[PDB]
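A.B. asks: Before anything else, here's the structure in question.
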Amino acid sequence: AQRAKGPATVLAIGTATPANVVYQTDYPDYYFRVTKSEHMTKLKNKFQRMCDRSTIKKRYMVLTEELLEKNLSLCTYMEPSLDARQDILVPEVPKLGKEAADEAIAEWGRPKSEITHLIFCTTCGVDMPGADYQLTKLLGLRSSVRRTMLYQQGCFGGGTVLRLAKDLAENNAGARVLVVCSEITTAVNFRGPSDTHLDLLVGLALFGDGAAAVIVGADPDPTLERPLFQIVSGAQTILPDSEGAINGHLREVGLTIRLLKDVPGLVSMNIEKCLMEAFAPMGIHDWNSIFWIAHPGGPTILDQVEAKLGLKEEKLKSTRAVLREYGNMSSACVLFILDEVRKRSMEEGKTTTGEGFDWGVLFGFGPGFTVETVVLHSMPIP
Amino acid sequence: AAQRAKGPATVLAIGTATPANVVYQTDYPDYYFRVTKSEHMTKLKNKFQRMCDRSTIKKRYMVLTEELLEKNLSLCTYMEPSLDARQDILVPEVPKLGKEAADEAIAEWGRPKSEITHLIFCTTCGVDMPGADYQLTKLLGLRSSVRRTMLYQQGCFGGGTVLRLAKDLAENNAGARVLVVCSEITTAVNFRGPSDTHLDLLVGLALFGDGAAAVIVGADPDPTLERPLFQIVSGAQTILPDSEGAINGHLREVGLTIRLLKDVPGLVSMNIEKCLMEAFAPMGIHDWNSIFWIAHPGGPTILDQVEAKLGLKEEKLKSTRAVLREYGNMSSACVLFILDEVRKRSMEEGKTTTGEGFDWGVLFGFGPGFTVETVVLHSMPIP
Ligand SMILES: CC(C)(COP(=O)(O)OP(=O)(O)OC[C@H]1O[C@@H](n2cnc3c(N)ncnc32)[C@H](O)[C@@H]1OP(=O)(O)O)[C@@H](O)C(=O)NCCC(=O)NCCSC(=O)/C=C/c1ccc(O)cc1
Ligand SMILES: CC(C)(COP(=O)(O)OP(=O)(O)OC[C@H]1O[C@@H](n2cnc3c(N)ncnc32)[C@H](O)[C@@H]1OP(=O)(O)O)[C@@H](O)C(=O)NCCC(=O)NCCSC(=O)/C=C/c1ccc(O)cc1
């Protein structure tokens, strides 16, 4: 007694974005006009080809042109701008998180009065008390909620929350977990004018804004609840020879991020061990008998892994589709793909929530270099 | 059968560490107003001096020495740019002091670091990518497959926040042994005295010191390889009614600016009885002298008021006030600093238990929210 019986299960997935839709075929011109950098045609040609090959069609952004008119230090590179970003992030991150959590509880079907725990994860902004307290007040959750604040974990937080919510739901009987990952990549936005920092541009051509939420609980009551995926295990590892792959320093100019390693080649040369160690308890070594959710850090990191593993084109269709219509939304991005995996599984009438396959993987890649591999099991679809 | 442990998560080892520079309280009002060049503020000086004399603190260990102040002059300075000047200090020095404590807790543990599966790193000081959980993983030589959890900016209730997280980590994953490190180098507050517009930093600078503590926690301890000390029975977190903005710490280009709106001693007093009633209800315990006490030493008055309202004997907060006396407030690491003290004192005097001769005990983390963390512990037998 006192503790749960079976595995953690995701019971609802809600997504939320801002109203501003920004098409990528226009974003180079916008970005070099707003920044007033029309004279640097070298970086303009470079940033253009970045967005052209990013496979992204549209992205949602809190940062409007008006918000930059009122926060002109964000049209600058290495000028003091931390307060200008935090005056946006501290309020705007819980607000987008409430929208996604409300969509998730709406699918959940049960009142918020029974949410026992809360895990909030963001890389954008930092404050005391954390965005978990802000979301608890904004959503009106029980004041008895016991919260976990994951600050500045990076694009692998989406698997961290699942690996943590499994133990929270399974070690406390009748506990239900509100998981929210809300990221506003206004944490990443500087003036173009820098031949001193070109990785800033492939970061601006890929990231977008959005919030995702799930409800996690063990031993679901199959009258009020509908199971979607059950989290069998969650793993975290440090890739060999990956020291300094991504370095993010939070200074008075915001979070400055610098890359030292070729990340897509690092993920490719090391992912097969992560699939082998995670799928060993089941005896699975064919990665095309598995449904796939991997954080779309970029087009080619999925391209190279898809080539190194010899995967079919269908495996990463949902991943690439979230990168297409939403882009990179950091940690929340993998939960978006979880939702698309379920939505497309019904739209195309496949046997189970994971496009027809029993077992599935959730990959989150971030600083370390760190790979979070989470193995899920599907739910049948009648 | 299943892939999980069968009993409760127990504390297996404890280790603490403090920097070398010792700063005595009977010498702090003068030196502070000299390095900031504020000897023209006789009011704030007498103000600060009475605070230091009423803090019941004797000494504190500090990383920010005067040698460090002359090379970062933005810290002799209130609200001019000072974030990077502390970032250059907190980012490396926080994991270093954490390993200092994790080394001593591993030495007492007696088992190799390869058997440390999970890690929780907790600090309200500084932010970096990758986090301090990565820097300790590399410094301590733990396995690359360690599953880490980063608690950034959790305030002074992190000590109970991590016990609540480490309880589930050790009770779901069978054979798991979770190392938890709370490393607080509270230099984030050293502001220039010149502020008649900010008296709360004074009583934030007359209490807080630096220190780090680390525990090994795991369930089903092998009684032939490990020695249990405390059983983490329950862990709770709650926001007190009518506490909006009690502790507000914003991160600005000039550092972490903390301002107080509500009296947190009277916030803790009027609510501590409800937390203890709810926490000990499954065991029918209502005598708060029947229980051994670990309360976060926010200050002398917060403890004084809890002791007055609940009608406790003076022995209950002896170790809590002793950690406050010789270390000051160290944020989340204090309660674990107190945890080490209770087991030392309880074998100093040959008590019946590891909690001063008591079966059940409580650990309290108070912080921004206002959030109070109530962790019920059970002592283990001592011969
Ligand atoms: C971005 C790539 C390189 C795609 O480009 P490509 O297909 O190999 O070649 P392209 O014709 O498309 O041109 C674009 C790339 O060309 C590369 N390039 C240009 N000059 C040359 C040259 N002389 N020779 C060889 N190649 C060249 C260059 O790598 C540039 O990408 P970037 O590194 O961002 O500048 C590919 O590596 C990729 O998609 N990787 C996955 C993307 C990815 O993981 N992004 C995030 C990395 S880590 C993270 O989470 C955060 C990063 C970030 C960082 C800063 C921020 O402000 C915000 C965020
Ligand atoms: C400070 C108190 C009042 C004990 O002092 P006292 O012995 O009762 O009175 P004193 O004669 O020693 O004078 C000092 C205190 O007296 C109070 N006081 C003074 N002037 C008067 C007056 N005209 N009339 C009535 N009373 C007065 C006043 O509260 C002042 O403290 P402070 O709030 O810092 O200014 C008491 O509030 C106390 O110790 N509480 C526990 C300490 C505590 O919880 N600290 C943490 C709070 S929240 C946190 O985590 C962050 C704090 C922080 C905040 C800012 C930072 O930069 C850094 C950190």
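Ordering of the structure tokens sets the chain letters (A, B, ...), residue numbers begin anew at 1 in every chain, and ligands are numbered from 1 in the order given.
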Can you list, as a compact mmCIF listing (two decimals) with N, CA and C atoms, in the first residue's frame, every protein, DNA or RNA residue that comes within 10 Å of residue 356 in chain B when you count only C-alpha atoms, leaving out same-chain residues fewer than 6 positions away?
C.D. replies:
```txt
# COMPACT_ATOMS: atom_id res chain seq x y z
N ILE B 291 9.32 14.94 19.71
CA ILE B 291 9.87 14.89 18.37
C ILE B 291 11.21 15.61 18.37
N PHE B 292 12.18 15.10 17.62
CA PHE B 292 13.42 15.85 17.47
C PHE B 292 13.27 16.85 16.33
N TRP B 293 13.97 17.98 16.46
CA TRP B 293 13.66 19.17 15.69
C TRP B 293 14.83 19.58 14.82
N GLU B 315 15.72 22.80 24.58
CA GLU B 315 16.64 21.82 24.01
C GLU B 315 16.30 21.47 22.56
N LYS B 316 15.07 21.73 22.12
CA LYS B 316 14.62 21.26 20.81
C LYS B 316 15.41 21.91 19.67
N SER B 319 20.63 22.14 18.47
CA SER B 319 21.50 21.93 17.32
C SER B 319 21.21 22.91 16.19
N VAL B 342 22.94 16.73 14.71
CA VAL B 342 22.09 15.97 15.62
C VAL B 342 22.66 14.57 15.84
N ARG B 343 23.20 13.95 14.78
CA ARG B 343 23.78 12.62 14.94
C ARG B 343 25.11 12.68 15.67
N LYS B 344 25.83 13.80 15.58
CA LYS B 344 27.04 13.95 16.37
C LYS B 344 26.70 14.18 17.83
N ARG B 345 25.74 15.07 18.10
CA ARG B 345 25.34 15.34 19.47
C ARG B 345 24.69 14.11 20.10
N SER B 346 23.94 13.33 19.31
CA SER B 346 23.23 12.19 19.88
C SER B 346 24.17 11.03 20.19
N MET B 347 25.38 11.03 19.64
CA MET B 347 26.40 10.08 20.06
C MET B 347 27.42 10.71 21.00
N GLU B 348 27.50 12.04 21.01
CA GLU B 348 28.20 12.74 22.09
C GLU B 348 27.68 12.31 23.46
N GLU B 349 26.36 12.21 23.62
CA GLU B 349 25.73 11.98 24.92
C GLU B 349 25.14 10.58 25.05
N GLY B 350 25.34 9.72 24.06
CA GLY B 350 24.85 8.36 24.11
C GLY B 350 23.35 8.25 24.24
N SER B 379 14.41 8.10 13.34
CA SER B 379 15.77 7.80 13.75
C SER B 379 16.03 6.30 13.72
```
A.B. asks: Taking only C-alpha atoms into account and nothing else, which residues of chain B lie no more than 8 Å away from chain A? Please answer as a ChimeraX atom specification.
C.D. replies: /B:81,83-84,87,127-131,134,144-155,168-169,171-172,236-240,247-253,368-369
A.B. asks: Include N, CA and C atoms and write out the residues we just selected as a CSV table (one decimal), in the first residue's frame.
C.D. replies:
```
chain,number,residue,atom,x,y,z
B,81,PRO,N,26.4,47.7,-12.5
B,81,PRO,CA,26.5,46.3,-13.0
B,81,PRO,C,27.4,45.4,-12.2
B,83,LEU,N,26.6,41.6,-12.1
B,83,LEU,CA,26.2,40.2,-12.3
B,83,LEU,C,27.4,39.3,-12.7
B,84,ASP,N,28.1,39.8,-13.7
B,84,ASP,CA,29.3,39.0,-14.2
B,84,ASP,C,30.4,38.9,-13.2
B,87,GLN,N,29.2,36.1,-11.3
B,87,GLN,CA,29.1,34.9,-12.1
B,87,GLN,C,30.5,34.2,-12.2
B,127,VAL,N,24.0,30.5,-12.2
B,127,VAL,CA,23.4,29.7,-13.2
B,127,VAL,C,24.4,29.5,-14.3
B,128,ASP,N,24.5,28.3,-14.9
B,128,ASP,CA,25.4,28.0,-15.9
B,128,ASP,C,24.9,26.8,-16.7
B,129,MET,N,25.4,26.7,-17.9
B,129,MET,CA,25.1,25.6,-18.8
B,129,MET,C,26.4,25.0,-19.4
B,130,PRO,N,26.6,23.7,-19.2
B,130,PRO,CA,25.8,22.8,-18.4
B,130,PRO,C,25.9,23.2,-16.9
B,131,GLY,N,24.9,22.7,-16.1
B,131,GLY,CA,24.7,23.1,-14.8
B,131,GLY,C,25.8,22.6,-13.8
B,134,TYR,N,26.6,18.9,-13.7
B,134,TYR,CA,27.6,18.4,-14.7
B,134,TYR,C,29.0,18.6,-14.1
B,144,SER,N,29.2,8.5,-16.2
B,144,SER,CA,28.6,9.4,-17.1
B,144,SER,C,27.1,9.1,-17.2
B,145,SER,N,26.6,7.9,-16.9
B,145,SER,CA,25.2,7.6,-16.9
B,145,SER,C,24.5,7.9,-15.6
B,146,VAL,N,25.1,8.8,-14.8
B,146,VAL,CA,24.4,9.3,-13.7
B,146,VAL,C,23.2,10.2,-14.1
B,147,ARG,N,22.1,9.9,-13.4
B,147,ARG,CA,20.8,10.7,-13.7
B,147,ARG,C,20.8,11.8,-12.7
B,148,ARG,N,20.9,13.1,-13.2
B,148,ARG,CA,21.0,14.2,-12.4
B,148,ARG,C,19.7,15.1,-12.4
B,149,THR,N,19.6,15.9,-11.3
B,149,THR,CA,18.5,16.8,-11.2
B,149,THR,C,19.0,18.1,-10.7
B,150,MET,N,18.7,19.2,-11.4
B,150,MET,CA,19.3,20.5,-11.1
B,150,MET,C,18.2,21.4,-10.4
B,151,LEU,N,18.5,21.7,-9.2
B,151,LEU,CA,17.6,22.6,-8.4
B,151,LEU,C,18.3,24.0,-8.3
B,152,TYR,N,17.9,24.9,-9.2
B,152,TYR,CA,18.4,26.2,-9.3
B,152,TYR,C,17.4,27.2,-8.6
B,153,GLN,N,17.9,28.1,-7.8
B,153,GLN,CA,17.1,29.2,-7.3
B,153,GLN,C,15.9,28.7,-6.5
B,154,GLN,N,16.1,27.6,-5.7
B,154,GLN,CA,15.0,27.1,-4.9
B,154,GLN,C,14.9,27.7,-3.5
B,155,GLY,N,15.7,28.8,-3.3
B,155,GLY,CA,15.6,29.5,-2.0
B,155,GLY,C,16.1,28.6,-0.9
B,168,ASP,N,11.8,9.7,-3.5
B,168,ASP,CA,11.2,8.9,-4.6
B,168,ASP,C,12.2,8.3,-5.5
B,169,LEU,N,13.4,8.9,-5.7
B,169,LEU,CA,14.4,8.4,-6.6
B,169,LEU,C,14.9,7.1,-6.0
B,171,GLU,N,13.2,5.1,-3.8
B,171,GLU,CA,12.2,4.1,-3.5
B,171,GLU,C,11.5,3.5,-4.7
B,172,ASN,N,11.8,4.1,-5.9
B,172,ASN,CA,11.3,3.5,-7.1
B,172,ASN,C,12.3,2.7,-7.9
B,236,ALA,N,6.6,17.0,2.3
B,236,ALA,CA,5.5,17.8,1.9
B,236,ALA,C,6.0,19.2,1.6
B,237,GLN,N,5.2,19.9,0.7
B,237,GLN,CA,5.5,21.3,0.3
B,237,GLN,C,4.2,22.0,0.2
B,238,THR,N,4.1,23.2,0.7
B,238,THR,CA,2.9,24.0,0.7
B,238,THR,C,3.2,25.5,0.8
B,239,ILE,N,2.3,26.3,0.2
B,239,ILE,CA,2.4,27.7,0.2
B,239,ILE,C,1.4,28.2,1.3
B,240,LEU,N,2.0,29.1,2.2
B,240,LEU,CA,1.2,29.6,3.3
B,240,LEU,C,0.1,30.6,2.9
B,247,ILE,N,8.9,36.8,0.2
B,247,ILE,CA,10.4,36.8,-0.2
B,247,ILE,C,10.4,36.9,-1.7
B,248,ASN,N,10.9,38.0,-2.2
B,248,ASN,CA,11.0,38.2,-3.6
B,248,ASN,C,12.4,38.5,-4.0
B,249,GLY,N,13.0,37.6,-4.8
B,249,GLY,CA,14.3,37.7,-5.3
B,249,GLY,C,14.4,37.7,-6.8
B,250,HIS,N,14.6,38.9,-7.4
B,250,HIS,CA,14.7,39.1,-8.8
B,250,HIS,C,16.1,39.1,-9.3
B,251,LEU,N,16.4,38.5,-10.5
B,251,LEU,CA,17.7,38.4,-11.0
B,251,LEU,C,17.9,39.6,-12.0
B,252,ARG,N,18.7,40.6,-11.7
B,252,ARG,CA,19.0,41.7,-12.5
B,252,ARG,C,20.5,41.8,-12.9
B,253,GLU,N,20.8,42.8,-13.8
B,253,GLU,CA,22.1,43.0,-14.2
B,253,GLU,C,23.0,43.4,-13.0
B,368,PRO,N,11.1,31.3,-0.2
B,368,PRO,CA,10.2,32.1,-1.0
B,368,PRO,C,9.0,31.4,-1.4
B,369,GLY,N,7.9,32.1,-1.3
B,369,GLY,CA,6.6,31.5,-1.6
B,369,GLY,C,5.4,32.4,-1.0
```
A.B. asks: Find the nearest atom pair between each residue of chain B and ligand 2 for residues within 6 Å, count only C-alpha atoms and all ligand atoms, give distances in Å to one decimal, sort rows by chain and ascending number, and present the table as a tab-separated table.
C.D. replies:
```
residue	atom	partner	partner_atom_place_in_ligand_line	distance
B:50	CA	ligand 2	12 (O)	5.6
B:51	CA	ligand 2	12 (O)	4.4
B:54	CA	ligand 2	12 (O)	4.7
B:156	CA	ligand 2	50 (O)	6.0
B:189	CA	ligand 2	57 (O)	4.9
B:199	CA	ligand 2	35 (O)	5.4
B:200	CA	ligand 2	34 (O)	4.6
B:201	CA	ligand 2	57 (O)	3.1
B:202	CA	ligand 2	34 (O)	5.8
B:203	CA	ligand 2	34 (O)	3.2
B:204	CA	ligand 2	58 (C)	3.6
B:247	CA	ligand 2	48 (S)	5.3
B:258	CA	ligand 2	55 (C)	4.6
B:259	CA	ligand 2	55 (C)	5.5
B:264	CA	ligand 2	44 (O)	5.9
B:265	CA	ligand 2	40 (N)	5.4
B:298	CA	ligand 2	44 (O)	4.0
B:299	CA	ligand 2	41 (C)	3.6
B:300	CA	ligand 2	39 (O)	5.0
B:301	CA	ligand 2	39 (O)	4.2
B:302	CA	ligand 2	41 (C)	4.6
B:367	CA	ligand 2	50 (O)	5.8
```
A.B. asks: Hey, which of B:254, B:217, B:176, B:272 ends up closest to residue 374 in chain B? Count only C-alpha atoms.
C.D. replies: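 Of B:254, B:217, B:176, B:272, the one nearest residue 374 in chain B is B:272, counting only C-alpha atoms.
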A.B. asks: Which residues form the shell of 6 Å around ligand 1 when you count only C-alpha atoms and all ligand atoms, given as a ChimeraX atom specification?
C.D. replies: /A:50,53,155,188,198-204,257,264,297-301,366
